[PDB]
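Next up is one chain by itself, shown in structure tokens, the form deposited in one PDB entry.
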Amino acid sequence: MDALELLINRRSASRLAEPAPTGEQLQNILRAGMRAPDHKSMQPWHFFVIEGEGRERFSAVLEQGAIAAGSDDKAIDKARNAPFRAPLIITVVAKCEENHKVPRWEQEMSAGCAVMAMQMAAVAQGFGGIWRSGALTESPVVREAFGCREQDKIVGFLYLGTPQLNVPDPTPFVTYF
């Protein structure tokens, strides 16, 4: 696939199904993430691969987090069922470290860019996915499940799988200095 094409036509897919990326195709996605912009080369991030059985555990953690958050049954139910919307979910956590001419937000930024890079790496390989977050990224139980320290932050839950689904116009968003 052409790189420029990938970027200009990039799209997120929410309707995902098996097969999910695996073997080298999955490692290629993880490798793309490692190439995200990174101020001072701090590699401020960690990836969690959630497939098959993992989804069950991930389900339980999210439901627990919702309960603890004081969410109503409707919310708790949506949380418990969240993981089963894709065959694979990659959680991205920004692993930050005290300033280094690099404020915390920039380190979190790099981790974020990693999520997009991986989403694109899935597309480049015949797969697809969508970057999701939600209030549960701030849940203590959820954070603990992904080893979040005080300065760490869950930047996204990347849902991936085989998708089953006019030229962009940037003029309204551009100004010539």
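Under this definition, the rigid core comprises the largest set of C-alpha atoms superposing within 1.5 Å between the forms. Numbers for residues come from their place in the sequence shown, where the first is 1.
A second form of this protein, the form deposited in another entry, is not displayed here; the remarks below concern that form.
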Subject >> 2 Å-or-more CA mover between this form and the one not shown, where superposition uses the core and the choices are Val141, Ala69, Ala60, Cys113 >> reply: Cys113
Subject >> Rigid core superposed: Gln25 CA moves 2 Å or more between this form and the one not shown >> reply: no
Subject >> Post core alignment: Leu16 C-alpha displaced by 2 Å or more between this form and the one not shown >> reply: no
Subject >> Inter-Cα distance between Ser12 and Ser139 in the other form, nearer or further [3 Å or more] >> reply: farther
Original post:
Out of closer and farther, which fits the Cα atoms of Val142 and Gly112 in the other form compared with this form, where the change is 3 Å or more?
Top reply: farther
